[PDB]
Amino acid sequence: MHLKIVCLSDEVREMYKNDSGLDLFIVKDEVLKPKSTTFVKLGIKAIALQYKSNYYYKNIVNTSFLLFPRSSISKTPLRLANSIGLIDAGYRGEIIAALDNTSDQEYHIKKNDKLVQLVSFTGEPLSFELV
Amino acid sequence: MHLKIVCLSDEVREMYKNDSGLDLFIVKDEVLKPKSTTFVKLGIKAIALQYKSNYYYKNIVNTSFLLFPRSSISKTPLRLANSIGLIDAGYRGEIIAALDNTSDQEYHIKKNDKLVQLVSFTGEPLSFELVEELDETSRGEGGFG
Amino acid sequence: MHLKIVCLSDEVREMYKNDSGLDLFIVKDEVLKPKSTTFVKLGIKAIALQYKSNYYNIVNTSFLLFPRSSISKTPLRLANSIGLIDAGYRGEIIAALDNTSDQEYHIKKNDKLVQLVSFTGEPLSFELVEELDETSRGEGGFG
Ligand SMILES: O=c1ccn([C@H]2C[C@H](O)[C@@H](CNC(c3ccccc3)(c3ccccc3)c3ccccc3)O2)c(=O)[nH]1
Ligand SMILES: O=c1ccn([C@H]2C[C@H](O)[C@@H](CNC(c3ccccc3)(c3ccccc3)c3ccccc3)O2)c(=O)[nH]1
Ligand SMILES: O=c1ccn([C@H]2C[C@H](O)[C@@H](CNC(c3ccccc3)(c3ccccc3)c3ccccc3)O2)c(=O)[nH]1
């Protein structure tokens, strides 16, 4: 699967320029309140491209995709609130992690953290480019 | 993917006789107790149909499908207990959202809330039609009585 | 999709010598501390084989670790929601379990909290194998 990632600032641009899931960065440092849900914005828009398939309903196409937590989230108190995000074919907005902080204390996330990852429905290796 | 949905009452049939995720309705008002897991019955049974694929094991078929939370559940204190529901190919039971209330007060869900959605393993667009039975079995809602 | 599983002990092998999800066993009795997350080792390694596709004849493939429906009736939740096991991976399979309760939680050998699933949702078969490949982490090769 092929991703077109529009980075939304220059600082993020330099993150991405500088295997069935594609990691995303935590873009700005942030304190997560205790016992909370926080919509962390990821500083990108994306589209996923695949070959057309024939499907039961009653060239390359625009496809839907998935935001999975990274295994390593399990070592933090943070959980993805909506379990696995579903990002529809038509979505053109910023890509956001819904993160629950399950701890009684605040949690500091920092630019450079990869908590989350993009994945294809079919689990096929991922490729991307900027746009 | 194409779903065939059996509505378990006229009320639910009305809701449905009126996208990569097909949203499902909360079908009865209900209170979830604080700090609880509640099995919320969604008033439907369903069969998913896809084109026959060739697969490594060593036309139009029944297929497995997925039950996902909605994005917007994020804003509530409710979480899907089993992360993502896996519904096997010939499952004929009622569809159920196992919902954790993570908060310490009650949570009132309401007829027409949409917490949860059905999704194909391929992430392809979903259709559905309403049907009276899934098969001839009493669990499919079919056959004699 | 077809799985080859290496059982890391004879005990584990006996349980596996004795449908779109393949249930995996709790392999040893364990107490999980209250309000914690525990990396529970499942005593197996696995590889998944499917038909080569074409993206944008038989291939080694990535796969999914799902909670079982019945996990819902316990206080135990999957930390990472759904675990993604990459095609390359040769380590022991681990379930990261959040004990959401105030009390210790006892899991027993032969409990089944978690299951393996295909990215396609297709029916799963499996066999037991002594190695995944020739590497040491794959448990194969000289030694
Ligand atoms: O994990 C995901 C899942 C979906 N999406 C998508 C494509 C979806 O339509 C869209 C859903 N917007 C919200 C939102 C909507 C309704 C109510 C509350 C929040 C959202 C919810 C959860 C996670 C991410 C985003 C949202 C809107 C505005 C500000 C914050 C959050 O983003 C993500 O970007 N990440
Ligand atoms: O999210 C899901 C996932 C699966 N299913 C399916 C197809 C699955 O085999 C089957 C599993 N029924 C139970 C259950 C089984 C064993 C132990 C405890 C509960 C269930 C569990 C979690 C969520 C929903 C349903 C269930 C059965 C009877 C009464 C309540 C709950 O339903 C759902 O309907 N929704
Ligand atoms: O649910 C899953 C998901 C992935 N994996 C795989 C394939 C992955 O690369 C790899 C990730 N190991 C850890 C880990 C990774 C990074 C940082 C800290 C821990 C992990 C994380 C979540 C769940 C299970 C395992 C891990 C390694 C050693 C000891 C404990 C935890 O295991 C699982 O076995 N189960």
# chains A, B, ... in the order shown; residues from 1 in each chain; ligands from 1
call {"tool": "residues_near_ligand", "arguments": {"ligand": "ligand 2", "cutoff": "9 Å", "atoms": "only C-alpha atoms and all ligand atoms", "output": "mmCIF file with N, CA, C and O atoms, in the first residue's frame"}}
result
data_model
loop_
_atom_site.group_PDB
_atom_site.id
_atom_site.type_symbol
_atom_site.label_atom_id
_atom_site.label_comp_id
_atom_site.auth_asym_id
_atom_site.auth_seq_id
_atom_site.Cartn_x
_atom_site.Cartn_y
_atom_site.Cartn_z
ATOM 1 N N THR B 38 -20.910 -4.239 30.311
ATOM 2 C CA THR B 38 -22.276 -4.519 29.958
ATOM 3 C C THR B 38 -22.309 -5.088 28.554
ATOM 4 O O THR B 38 -21.732 -4.530 27.624
ATOM 5 N N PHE B 39 -23.035 -6.180 28.391
ATOM 6 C CA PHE B 39 -23.265 -6.740 27.070
ATOM 7 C C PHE B 39 -24.539 -6.093 26.484
ATOM 8 O O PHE B 39 -25.678 -6.381 26.913
ATOM 9 N N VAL B 40 -24.359 -5.213 25.518
ATOM 10 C CA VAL B 40 -25.478 -4.455 25.007
ATOM 11 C C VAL B 40 -25.926 -5.118 23.694
ATOM 12 O O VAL B 40 -25.160 -5.254 22.739
ATOM 13 N N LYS B 41 -27.178 -5.532 23.672
ATOM 14 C CA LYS B 41 -27.740 -6.278 22.572
ATOM 15 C C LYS B 41 -28.253 -5.330 21.497
ATOM 16 O O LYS B 41 -29.000 -4.421 21.758
ATOM 17 N N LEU B 42 -27.860 -5.563 20.259
ATOM 18 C CA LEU B 42 -28.048 -4.567 19.271
ATOM 19 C C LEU B 42 -29.289 -4.817 18.394
ATOM 20 O O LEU B 42 -29.545 -4.084 17.426
ATOM 21 N N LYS B 45 -29.293 -9.657 13.868
ATOM 22 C CA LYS B 45 -28.383 -10.718 13.515
ATOM 23 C C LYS B 45 -27.895 -10.350 12.125
ATOM 24 O O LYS B 45 -28.599 -9.664 11.446
ATOM 25 N N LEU B 66 -15.973 -7.671 11.160
ATOM 26 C CA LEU B 66 -15.417 -6.982 12.321
ATOM 27 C C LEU B 66 -16.349 -5.977 12.924
ATOM 28 O O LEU B 66 -17.123 -5.351 12.244
ATOM 29 N N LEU B 67 -16.300 -5.839 14.219
ATOM 30 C CA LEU B 67 -17.124 -4.851 14.876
ATOM 31 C C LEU B 67 -16.166 -3.848 15.496
ATOM 32 O O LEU B 67 -15.331 -4.214 16.326
ATOM 33 N N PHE B 68 -16.253 -2.597 15.083
ATOM 34 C CA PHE B 68 -15.289 -1.617 15.552
ATOM 35 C C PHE B 68 -16.022 -0.629 16.363
ATOM 36 O O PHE B 68 -17.208 -0.390 16.121
ATOM 37 N N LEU B 80 -14.657 -0.471 24.032
ATOM 38 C CA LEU B 80 -15.027 -1.826 23.634
ATOM 39 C C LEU B 80 -14.179 -2.826 24.413
ATOM 40 O O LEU B 80 -12.934 -2.763 24.375
ATOM 41 N N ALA B 81 -14.822 -3.685 25.202
ATOM 42 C CA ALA B 81 -14.059 -4.602 26.078
ATOM 43 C C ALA B 81 -13.127 -5.558 25.338
ATOM 44 O O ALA B 81 -11.989 -5.856 25.775
ATOM 45 N N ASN B 82 -13.571 -6.015 24.177
ATOM 46 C CA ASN B 82 -12.772 -6.955 23.404
ATOM 47 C C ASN B 82 -11.932 -6.346 22.263
ATOM 48 O O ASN B 82 -11.511 -7.060 21.367
ATOM 49 N N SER B 83 -11.724 -5.030 22.306
ATOM 50 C CA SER B 83 -10.958 -4.196 21.363
ATOM 51 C C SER B 83 -11.681 -4.048 20.076
ATOM 52 O O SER B 83 -12.179 -2.960 19.742
ATOM 53 N N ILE B 84 -11.749 -5.150 19.342
ATOM 54 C CA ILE B 84 -12.435 -5.218 18.034
ATOM 55 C C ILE B 84 -13.133 -6.572 18.082
ATOM 56 O O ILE B 84 -12.479 -7.554 18.410
ATOM 57 N N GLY B 85 -14.451 -6.592 17.900
ATOM 58 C CA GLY B 85 -15.225 -7.795 17.772
ATOM 59 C C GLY B 85 -14.960 -8.524 16.473
ATOM 60 O O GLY B 85 -15.040 -7.945 15.405
ATOM 61 N N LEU B 86 -14.610 -9.808 16.577
ATOM 62 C CA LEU B 86 -14.487 -10.708 15.441
ATOM 63 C C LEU B 86 -15.795 -11.564 15.318
ATOM 64 O O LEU B 86 -16.184 -12.304 16.213
ATOM 65 N N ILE B 87 -16.531 -11.383 14.214
ATOM 66 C CA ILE B 87 -17.727 -12.191 13.978
ATOM 67 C C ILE B 87 -17.451 -13.237 12.881
ATOM 68 O O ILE B 87 -17.203 -12.897 11.684
ATOM 69 N N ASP B 88 -17.431 -14.500 13.307
ATOM 70 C CA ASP B 88 -17.245 -15.583 12.385
ATOM 71 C C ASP B 88 -18.383 -15.729 11.408
ATOM 72 O O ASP B 88 -19.544 -15.410 11.746
ATOM 73 N N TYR B 91 -22.109 -16.946 11.965
ATOM 74 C CA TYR B 91 -22.524 -16.722 13.324
ATOM 75 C C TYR B 91 -23.911 -16.245 13.081
ATOM 76 O O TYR B 91 -24.110 -15.399 12.210
ATOM 77 N N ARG B 92 -24.863 -16.829 13.801
ATOM 78 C CA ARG B 92 -26.294 -16.453 13.703
ATOM 79 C C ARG B 92 -26.850 -15.811 14.994
ATOM 80 O O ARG B 92 -28.014 -15.541 15.057
ATOM 81 N N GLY B 93 -26.059 -15.591 16.030
ATOM 82 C CA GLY B 93 -26.553 -14.960 17.249
ATOM 83 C C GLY B 93 -26.831 -13.482 17.019
ATOM 84 O O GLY B 93 -26.458 -12.845 15.980
ATOM 85 N N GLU B 94 -27.518 -12.899 17.974
ATOM 86 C CA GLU B 94 -27.655 -11.499 17.995
ATOM 87 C C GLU B 94 -26.263 -10.877 18.138
ATOM 88 O O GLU B 94 -25.327 -11.458 18.745
ATOM 89 N N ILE B 95 -26.108 -9.705 17.534
ATOM 90 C CA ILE B 95 -24.887 -8.903 17.622
ATOM 91 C C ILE B 95 -24.936 -8.007 18.861
ATOM 92 O O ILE B 95 -25.959 -7.393 19.193
ATOM 93 N N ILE B 96 -23.801 -8.023 19.568
ATOM 94 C CA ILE B 96 -23.659 -7.519 20.910
ATOM 95 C C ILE B 96 -22.373 -6.679 20.960
ATOM 96 O O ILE B 96 -21.326 -7.074 20.428
ATOM 97 N N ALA B 97 -22.469 -5.507 21.577
ATOM 98 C CA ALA B 97 -21.313 -4.658 21.854
ATOM 99 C C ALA B 97 -20.995 -4.876 23.336
ATOM 100 O O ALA B 97 -21.814 -4.552 24.171
ATOM 101 N N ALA B 98 -19.829 -5.438 23.663
ATOM 102 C CA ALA B 98 -19.365 -5.553 25.063
ATOM 103 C C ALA B 98 -18.731 -4.234 25.470
ATOM 104 O O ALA B 98 -17.594 -3.940 25.069
ATOM 105 N N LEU B 99 -19.447 -3.436 26.273
ATOM 106 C CA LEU B 99 -19.040 -2.054 26.556
ATOM 107 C C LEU B 99 -18.640 -1.868 28.028
ATOM 108 O O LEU B 99 -19.487 -2.085 28.963
ATOM 109 N N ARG C 68 -9.982 -12.719 22.819
ATOM 110 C CA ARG C 68 -11.178 -13.512 22.642
ATOM 111 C C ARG C 68 -12.361 -12.674 23.143
ATOM 112 O O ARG C 68 -12.147 -11.792 23.942
ATOM 113 N N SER C 69 -13.567 -12.893 22.597
ATOM 114 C CA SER C 69 -14.816 -12.251 23.070
ATOM 115 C C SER C 69 -14.972 -12.400 24.544
ATOM 116 O O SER C 69 -15.339 -11.421 25.234
ATOM 117 N N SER C 70 -14.636 -13.593 25.029
ATOM 118 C CA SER C 70 -14.861 -13.931 26.430
ATOM 119 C C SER C 70 -13.922 -13.198 27.355
ATOM 120 O O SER C 70 -14.158 -13.188 28.513
ATOM 121 N N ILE C 71 -12.869 -12.558 26.837
ATOM 122 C CA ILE C 71 -11.998 -11.802 27.680
ATOM 123 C C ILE C 71 -12.892 -10.770 28.371
ATOM 124 O O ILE C 71 -12.606 -10.353 29.471
ATOM 125 N N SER C 72 -13.994 -10.400 27.749
ATOM 126 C CA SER C 72 -14.823 -9.233 28.159
ATOM 127 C C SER C 72 -15.411 -9.393 29.541
ATOM 128 O O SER C 72 -15.809 -8.410 30.208
ATOM 129 N N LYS C 73 -15.534 -10.656 29.926
ATOM 130 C CA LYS C 73 -16.208 -11.026 31.127
ATOM 131 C C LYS C 73 -15.226 -10.986 32.297
ATOM 132 O O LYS C 73 -15.628 -10.885 33.441
#
call {"tool": "residues_near_ligand", "arguments": {"ligand": "ligand 1", "cutoff": "7 Å", "atoms": "only C-alpha atoms and all ligand atoms", "output": "number ranges by chain"}}
result
A: 39, 67, 82, 84-88, 91, 93-98; B: 71-72, 74-75
call {"tool": "residues_around", "arguments": {"residues": "residue 32 in chain B", "least_positions_apart": "4", "cutoff": "12 Å", "atoms": "only C-alpha atoms", "output": "count of residues only"}}
result
20
call {"tool": "interface_residues", "arguments": {"of": "chain B", "to": "chain A", "cutoff": "8 Å", "atoms": "only C-alpha atoms", "output": "JSON list (two decimals) with C-alpha atoms, in the first residue's frame"}}
result
[["chain", "number", "residue", "atom", "x", "y", "z"],
["B", 1, "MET", "CA", -19.09, -6.49, 1.24],
["B", 2, "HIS", "CA", -22.81, -7.02, 1.41],
["B", 19, "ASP", "CA", -18.95, 3.89, 3.48],
["B", 20, "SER", "CA", -16.30, 1.36, 4.78],
["B", 49, "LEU", "CA", -21.37, -11.82, 1.87],
["B", 50, "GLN", "CA", -18.20, -11.41, -0.26],
["B", 51, "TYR", "CA", -16.80, -12.74, -3.55],
["B", 60, "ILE", "CA", -20.30, -15.16, -3.31],
["B", 68, "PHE", "CA", -15.29, -1.62, 15.55],
["B", 69, "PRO", "CA", -15.97, 1.19, 17.88],
["B", 70, "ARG", "CA", -16.84, 4.52, 16.36],
["B", 71, "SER", "CA", -14.21, 7.30, 16.55],
["B", 72, "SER", "CA", -16.63, 9.29, 18.53],
["B", 73, "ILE", "CA", -16.81, 6.76, 21.35],
["B", 74, "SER", "CA", -13.46, 8.38, 22.32],
["B", 75, "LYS", "CA", -15.36, 11.32, 23.78],
["B", 79, "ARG", "CA", -14.57, 1.41, 25.65],
["B", 80, "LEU", "CA", -15.03, -1.83, 23.63],
["B", 83, "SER", "CA", -10.96, -4.20, 21.36],
["B", 84, "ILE", "CA", -12.44, -5.22, 18.03],
["B", 121, "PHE", "CA", -11.66, -7.37, 6.67],
["B", 122, "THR", "CA", -10.75, -5.79, 3.30],
["B", 123, "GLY", "CA", -12.01, -2.29, 4.39],
["B", 124, "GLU", "CA", -14.15, -2.16, 1.25],
["B", 125, "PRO", "CA", -17.53, -0.30, 0.99],
["B", 126, "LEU", "CA", -20.46, -2.05, 2.77],
["B", 127, "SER", "CA", -24.09, -2.39, 1.66],
["B", 128, "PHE", "CA", -26.93, -4.18, 3.41]]
call {"tool": "interface_residues", "arguments": {"of": "chain C", "to": "chain A", "cutoff": "9 Å", "atoms": "only C-alpha atoms", "output": "list in words"}}
result
residues 37, 39, 53, 54, 55, 56, 61, 62, 63, 78, 79, 80, 81, 82, 83, 84, 85, 86, 87, 88, 96, 97, 98, 118, 119 and 120 of chain C
